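Chains, contacts and geometry: an overview
Residues per chain, in single letters:
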Amino acid sequence: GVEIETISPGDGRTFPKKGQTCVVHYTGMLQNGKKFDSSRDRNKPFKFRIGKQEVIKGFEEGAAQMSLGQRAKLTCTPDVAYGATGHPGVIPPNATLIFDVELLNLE
């Protein structure tokens, strides 16, 4: 249930594929709630690859539907990330996630 709302600029053609390690200035956001995560805080913009089930399913599917330089706005359903369990103390069970995602990557 990934719903992309792209802030326009970028190139719109450099698409993420398998075997590609990419860099995201992500920022987590809880719906009707405060923040819980920001890659802009640590200034280490989270190098990660595609397809090895490192990230959640909602962030993984939203990553493939973007391109270089773009600025998306995810809306992750509870069932794809944590909605049965919830991350203990940080993410409550059955929560709906908001992500500010900017892709400035390699490969």
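Numbering of residues starts from 1 on every chain and follows the order in which that chain's sequence is written, so it may differ from the entry's own numbering; residues lacking coordinates are left out. In this view, a larger assembly is represented only partially, and all stated values concern the represented chains. Heavy atoms throughout the structure, all of them, feed into the side-chain values; hydrogens and water do not.

Method of determination, as given in the entry header: cryo-EM; reported resolution: 4.4 Å.

Looking at the nonpolar core
The condition is simple: Here, nonpolar core means buried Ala, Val, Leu, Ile, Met, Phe, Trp, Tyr and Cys residues that are tied together by side-chain atoms lying within 4.5 Å of each other. With a 1.4 Å probe rolled over the protein chains alone, any residue whose accessible area is under 20% of its type maximum counts as buried; one over 50% counts as exposed, and the rest are partly exposed. The numbering of helices and of strands both runs from the N terminus, where a helix is a DSSP run of H or I of at least 4 residues and a strand a run of E of at least 2. Note on contacts: a residue pair is in contact if any heavy atoms of the two residues lie within 4.5 Å.
Counting residues in hydrophobic clusters, the biggest one holds 18 residues, and the most contacted among them are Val24, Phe48, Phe59, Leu74, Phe99 and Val101. Mapped by element, the contributors of at least two residues to this core are β4 (71-76) and β5 (97-102). Apart from residues no more than four positions distant in its own chain, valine 24 is found in contact with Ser39, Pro45, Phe46, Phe48, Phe59, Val101, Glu102 and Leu103.

Quick look at the sheet that holds strand β2 (residues 27-30)
Put simply, the rule reads: Strand pairing requires that DSSP identify at least two bridges connecting the strands. Only the stretch in contact is used when a helix axis is fitted, and all axes are lines through C-alpha atoms; the angle between N-to-C directions ranges over 0 to 180 degrees.
Within the open sheet, the 3 strands sit side by side as β2-β5-β4. Their pairing is antiparallel. Strand pairing shows two members of the sheet lacking a second neighbour, β2 and β4, which therefore form its edges. On average, each strand axis in the sheet is inclined to that of its neighbour by 20 degrees, with strand direction left out of account. One ladder, built from 4 bridges, connects β2 with β5; its direction is antiparallel.

Focus on the environment of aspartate 11
If you trace the backbone, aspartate 11 turns up in the segment before β1 (21-23). Separated by 59 residues in sequence, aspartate 11 and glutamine 70 place their C-alpha atoms 7.5 Å apart. Each residue touching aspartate 11, except ones within four places of it in the same chain, is listed here: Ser67 and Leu68.

Topic: the UniProt feature "domain: PPIase FKBP-type" in the chain
Applied cut-off: UniProt positions are given in the numbering used here, feature names are shortened, and annotations may be inferred rather than shown by experiment.
As annotated by UniProt and renumbered to match this structure, "domain: PPIase FKBP-type" occupies residues 19-107. Its end C-alpha atoms 8 Å apart, residues 19-107 is made of 18% helix and 25% strand.

Thoughts on the packing of aromatic side chains
Filter applied, for reference: Ring geometry is summarised as follows: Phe, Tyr and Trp rings, the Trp one being its six-membered ring, pair when their centres sit within 6.5 Å, and such pairs are stacked at plane angles under 30 degrees, edge-to-face over 60 and tilted between the two.
The full count for this structure, using the stated rule, is 5 aromatic pairs. Note on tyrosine 26 and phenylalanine 46: the rings are 5.3 Å apart at their centroids and 75 degrees apart in plane angle, and the pair reads as edge-to-face. A residue pair is termed long-range when its members are at least 10 positions apart, and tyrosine 26 in the loop between β1 and β2 and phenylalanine 46 in the loop between α1 (39-42) and β3 (47-49) qualify at 20 residues. On the basis of relative accessibility, which here comes to 11%, the residue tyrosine 26 falls in the buried class.

Remarks on helix α2 (residues 57-64)
Given 3.6 residues per helical turn, the α-helix brings residues three or four places apart onto the same face. For clarity, the threshold we go by: Within this analysis, the arc is defined by the directions that extend from the helix axis to the C-beta atoms.
Along α2, the positions that sit buried rather than exposed are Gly58, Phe59, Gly62 and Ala63. One face of α2 carries all of its buried residues, which in axial projection span an arc of 135 degrees. Residues of α2 that are buried make contact with β3, β4, α3 (78-81) and β5.

Some remarks on unusual backbone geometry
For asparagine 32, which is not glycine, the phi torsion reads 55 degrees and is therefore positive. With phi around 55 degrees, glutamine 53 is a residue other than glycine that occupies positive phi space. Tracing the backbone through its elements, the reader meets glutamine 53 in the loop between β3 and α2. Residue classification places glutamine 53 among the exposed positions, given a relative accessible area of 67%.

Structural notes on the pairing of β5
By the bridge criterion, 6 bridges tie β4 to β5 in an arrangement that is antiparallel. Following the sheet pairing, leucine 74 is matched in β5 by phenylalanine 99.

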